[PDB]
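**Student:**
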Amino acid sequence: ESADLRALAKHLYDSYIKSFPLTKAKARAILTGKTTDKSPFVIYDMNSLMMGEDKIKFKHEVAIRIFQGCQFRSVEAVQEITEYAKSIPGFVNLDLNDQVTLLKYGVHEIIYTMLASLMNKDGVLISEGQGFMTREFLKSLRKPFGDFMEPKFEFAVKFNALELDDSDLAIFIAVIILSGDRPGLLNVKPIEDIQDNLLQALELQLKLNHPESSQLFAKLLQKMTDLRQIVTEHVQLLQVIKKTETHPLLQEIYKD
Amino acid sequence: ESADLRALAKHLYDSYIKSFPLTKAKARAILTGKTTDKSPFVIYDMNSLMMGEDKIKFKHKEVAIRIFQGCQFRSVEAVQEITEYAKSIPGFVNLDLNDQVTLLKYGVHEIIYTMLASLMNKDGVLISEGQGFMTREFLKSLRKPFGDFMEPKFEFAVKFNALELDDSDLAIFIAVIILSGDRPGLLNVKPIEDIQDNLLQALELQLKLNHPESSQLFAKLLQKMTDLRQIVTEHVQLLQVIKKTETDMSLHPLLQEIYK
Ligand SMILES: Cc1c(C)c2c(c(C)c1O)CC[C@](C)(COc1ccc(C[C@@H]3SC(=O)NC3=O)cc1)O2
Numbered sequence: 207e208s209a210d211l212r213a214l215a216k217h218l219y220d221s222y223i224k225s226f227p228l229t230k231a232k233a234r235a236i237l238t239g240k241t242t243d244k245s246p247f248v249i250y251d252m253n254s255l256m257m258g259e260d261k262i263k264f265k266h276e277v278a279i280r281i282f283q284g285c286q287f288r289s290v291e292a293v294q295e296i297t298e299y300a301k302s303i304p305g306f307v308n309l310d311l312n313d314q315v316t317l318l319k320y321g322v323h324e325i326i327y328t329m330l331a332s333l334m335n336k337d338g339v340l341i342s343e344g345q346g347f348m349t350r351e352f353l354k355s356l357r358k359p360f361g362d363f364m365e366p367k368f369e370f371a372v373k374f375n376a377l378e379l380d381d382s383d384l385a386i387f388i389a390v391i392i393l394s395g396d397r398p399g400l401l402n403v404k405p406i407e408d409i410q411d412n413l414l415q416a417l418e419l420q421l422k423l424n425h426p427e428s429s430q431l432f433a434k435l436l437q438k439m440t441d442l443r444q445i446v447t448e449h450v451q452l453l454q455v456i457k458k459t460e461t466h467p468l469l470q471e472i473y474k475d
Numbered sequence: 207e208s209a210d211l212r213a214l215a216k217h218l219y220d221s222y223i224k225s226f227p228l229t230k231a232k233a234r235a236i237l238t239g240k241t242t243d244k245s246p247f248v249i250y251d252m253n254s255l256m257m258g259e260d261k262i263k264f265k266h275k276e277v278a279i280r281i282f283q284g285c286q287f288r289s290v291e292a293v294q295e296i297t298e299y300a301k302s303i304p305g306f307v308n309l310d311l312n313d314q315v316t317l318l319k320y321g322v323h324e325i326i327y328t329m330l331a332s333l334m335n336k337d338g339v340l341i342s343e344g345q346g347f348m349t350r351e352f353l354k355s356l357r358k359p360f361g362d363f364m365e366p367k368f369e370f371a372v373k374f375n376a377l378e379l380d381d382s383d384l385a386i387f388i389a390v391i392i393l394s395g396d397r398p399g400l401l402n403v404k405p406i407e408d409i410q411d412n413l414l415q416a417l418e419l420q421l422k423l424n425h426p427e428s429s430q431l432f433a434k435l436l437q438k439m440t441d442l443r444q445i446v447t448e449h450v451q452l453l454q455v456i457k458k459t460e461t462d463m464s465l466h467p468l469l470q471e472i473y474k
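Here the protein sequences line up with chains B and A, keeping their order. Letter by letter, the first sequence follows residues 207 to 266, 276 to 461, 466 to 475 of PDB author numbering. Letter by letter, the second sequence follows residues 207 to 266, 275 to 474 of PDB author numbering.
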């Protein structure tokens, strides 16, 4: 019944709010919004990063130090997503090796998804939204690194064209984690039974929440392919990056 | 209204029977055994193959290369049919002309491997209008580069075939593929994207009437549009290996053009 999907929907939004500090509705204000409640330090020069890097609350060559920090968050979101996943009804009851797998692979698609929420066409928010690093600056970086985030900007700008909100992404995010075609799973029926349930709940969500936006649920699913390619070809930089910087205890934190 | 979509569902099925002579319904009857009039000749090793040329017509220099140029000739004949089918898609011929070409350049191969599964099972694939059948094992067993071309298509086919789509559904899905905004180099994307909402609308309603028990098949089907791109990519690159280990073997120009 609809009452049950609407239930599971509210459920997942709630976990989404608890598990994820910086929400999209929150970041949208902080971004180009007109609210003067605060003003993120903008990073645009080389002469503004190191001037910001003194006054900010960062926890850590420049083209490399910039990369490493985008890796500090990846290791953070990995935890936020994991905690969110545990609240997805049935996820903890799956076989445990299977949970690790679903998360091993979904993490990289969940990250770029919610990164699109901190992104507009000119840059991206940083450090809980206390920063905005311009896209023009990120292109300007040493050749192994200059096209690091350019694909994610390009993809974000399309994904945001959909005008999803946090209530939409919550159910969307969940569908990714339950992909059920990940390498190496062992009991696949329950993963799919859950995904079907979430995919149902997504469909009713966008229909209730964007009745004018027609066939939006169908457009959203094909953005999941756009993601699987972003991640495919993001690994191809992440391998070639192991052909530049060439820590022991740190490499263990960041390994893969 | 419902009925507008069911009319568009019928129109595309009708173009589909007329544009493709090897439907999934023909393929599935040859493969099963519903007959003794349409049984195929099976090519399980080299020695079969020289006999199959006696008993079937293949207008075909070594074996891995002639089998491969075999796939080329068929590919070219495949593009010609999809180009024909595309022309029947309401609105497609009304687009900007440089865009028709673009949608076709990028869509033609996602579609080939889609309807290739119609002709595949776990054990092999139908060749020559269904007159033959080449074991997956034989295809894995060809010379170092070529014995890998068919395998991911076999892999995609076994998952895809599991959806149990018939021709009435595939006709709509093929047309959802062609009309894609996401194609690089497209001039005016809104009129394309507007068509596809309607094609998608049709596919959603079609997949529900034709497959009620099968929950979320529309969703599930839209997902496998990911696996196609991954097979095109894997091909394009492995196709570049051949053209430089094999600088004597040629490439049909149509294929050559639609391959940037
Ligand atoms: C003689 C013959 C063969 C050998 C045959 C097929 C037919 C119809 C034949 O008549 C079809 C299945 C098939 C396994 C070919 O299936 C493929 C079709 C396309 C492709 C990709 C090619 S490669 C390229 O550069 N562009 C393509 O379409 C690979 C396998 O082998």
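Think of the CB as a built atom: it goes at the ideal place given N, C-alpha and C, for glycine as much as any other residue.
Counting C-beta neighbours from all protein chains within 10 Å, is the total for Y219 (chain B) 16 or more, i.e. buried, or is it exposed?
**Tutor:** That one is buried.
**Student:** Under 6 Å Cβ to Cβ from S225 (chain A), same chain only, skipping five residues before and after it: list those, please.
**Tutor:** So the qualifying residues of the chain are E295, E298 and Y299.
**Student:** Span of the alpha helix (DSSP H) holding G284 (chain A)?
**Tutor:** Per DSSP, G284 (chain A) belongs to the alpha helix (DSSP H) from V277 to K301.
**Student:** With a threshold of 7 Å on Cβ separation, who are the neighbours of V322 (chain A) within its own chain once the five nearest residues in sequence on each side are excluded?
**Tutor:** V293, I296 and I472, listed in sequence order.
**Student:** According to a CB-to-CB cut-off of less than 7 Å, which residues of the stretch 434–445 of chain A neighbour chain B?
**Tutor:** Within the stretch 434–445 of chain A, the residues whose Cβ lies closer than 7 Å to some Cβ of chain B are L436, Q437, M439, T440 and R443, listed in chain order.
**Student:** Compile a chain-ordered list of the residues in the stretch 414–429 of chain A whose CB is closer than 9 Å to at least one CB of chain B.
**Tutor:** Here the close residues are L414, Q415, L417, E418 and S429.
**Student:** Would you mind giving the Cβ-Cβ distance between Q286 (chain B) and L414 (chain A), rounded to the nearest angstrom? I have them listed as a contact below 8 Å.
**Tutor:** Rounded, the Cβ-Cβ distance is 38 Å, inconsistent with contact.
**Student:** Kindly give me the distance between the Cβ atoms of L421 (chain A) and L435 (chain A), rounded to whole angstroms, as I take these residues to be in contact under 8 Å.
**Tutor:** At roughly 7 Å, the Cβ-Cβ gap stays under 8 Å, so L421 (chain A) and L435 (chain A) are in contact.
**Student:** Are any of the Cβ atoms in chain A nearer than 8 Å to that of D210 (chain B)?
**Tutor:** It does not: the Cβ of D210 (chain B) has no partner Cβ on chain A nearer than 8 Å.
**Student:** Applying the 10 Å Cβ sphere with the 16-neighbour rule, what's the burial state of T328 (chain B)?
**Tutor:** With 16 or more other Cβ atoms within 10 Å, it is buried.
**Student:** Looking at C-beta atoms only, is the number of pairs between the stretch 394–405 of chain A and the stretch 311–320 of chain A that lie closer than 8 Å three or more?
**Tutor:** Yes, since at least three Cβ pairs between the stretch 394–405 of chain A and the stretch 311–320 of chain A fall closer than 8 Å, the two stretches touch.
**Student:** Tell me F247 (chain A)'s beta-bridge partners as DSSP assigns them.
**Tutor:** For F247 (chain A), which the question treats as bridged, DSSP gives the partners A:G346.
**Student:** So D411 (chain A) contacts chain B; which residues on that side make the cut at Cβ distance below 9 Å?
**Tutor:** What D411 (chain A) touches in chain B: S429, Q430, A433 and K434.
**Student:** In terms of alpha-carbon separation, which member of A:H449, A:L419, A:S355 and A:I406 lies closest to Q314 (chain A)?
**Tutor:** Comparing Cα-Cα distances from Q314 (chain A) to each of A:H449, A:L419, A:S355 and A:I406, the minimum goes to A:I406.
**Student:** Check the DSSP bridge columns for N335 (chain B) and list the partner residues they point to.
**Tutor:** DSSP lists B:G338 as partners of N335 (chain B).
**Student:** Compute the beta-carbon to beta-carbon distance between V248 (chain B) and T349 (chain B), rounded to the nearest angstrom, for a pair I have assumed lies under 8 Å.
**Tutor:** Their Cβ separation, rounded to whole angstroms, is 7 Å, which keeps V248 (chain B) and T349 (chain B) in contact under 8 Å.
**Student:** Is the distance from the Cβ of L340 (chain A) to the Cβ of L237 (chain A) below 8 Å?
**Tutor:** The answer is yes: Cβ separation under 8 Å.
**Student:** May I ask you to check if the CB of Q286 (chain A) is nearer than 7 Å to at least one heavy atom of ligand 1?
**Tutor:** Within the cutoff, so yes.
**Student:** Taking 8 Å as the threshold, find out whether the stretch 358–366 of chain B comes into contact with the stretch 452–461 of chain B through three or more Cβ pairs.
**Tutor:** Taking 8 Å as the limit for Cβ pairs, the verdict is that the stretch 452–461 of chain B does touch the stretch 358–366 of chain B.
**Student:** Taking the alpha helix (DSSP H) that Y473 (chain A) belongs to, which residues open and close that run?
**Tutor:** Looking at the DSSP string, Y473 (chain A) is not in any alpha helix (DSSP H), and its letter there is neither H nor E.
**Student:** Looking only at its own chain, which residues have a Cβ that is under 7 Å from the Cβ of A416 (chain A), when we skip the five neighbours before and after it?
**Tutor:** Counting only Cβ-Cβ distances below 7 Å, and skipping sequence neighbours, we find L211, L214, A215 and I386.
**Student:** So is the beta-carbon of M364 (chain A) under 7 Å away from any non-hydrogen atom of ligand 1?
**Tutor:** It does: the Cβ of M364 (chain A) is within 7 Å (strictly closer) of some heavy atom of ligand 1.
**Student:** Between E365 (chain B) and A278 (chain B), what straight-line distance do the alpha-carbon atoms span, to the nearest angstrom?
**Tutor:** Taking the straight line from one Cα to the other gives about 14 Å.
**Student:** I need the straight-line Cα distance from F306 (chain B) to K354 (chain A), nearest angstrom please.
**Tutor:** If I take the Cα positions, the gap works out to 39 Å.
**Student:** Would you check whether ligand 1 has a heavy atom nearer than 7 Å to the C-beta of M348 (chain A)?
**Tutor:** It does: the Cβ of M348 (chain A) is within 7 Å (strictly closer) of some heavy atom of ligand 1.
**Student:** Hey, would you say the C-beta of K367 (chain A) is under 7 Å away from at least one heavy atom of ligand 1?
**Tutor:** True, at least one ligand heavy atom lies under 7 Å from that Cβ.
**Student:** Please confirm whether any heavy atom of ligand 1 lies closer than 7 Å to the CB of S428 (chain B).
**Tutor:** No; taking the cut-off as 7 Å, the Cβ of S428 (chain B) has no heavy atom of ligand 1 nearer than that.
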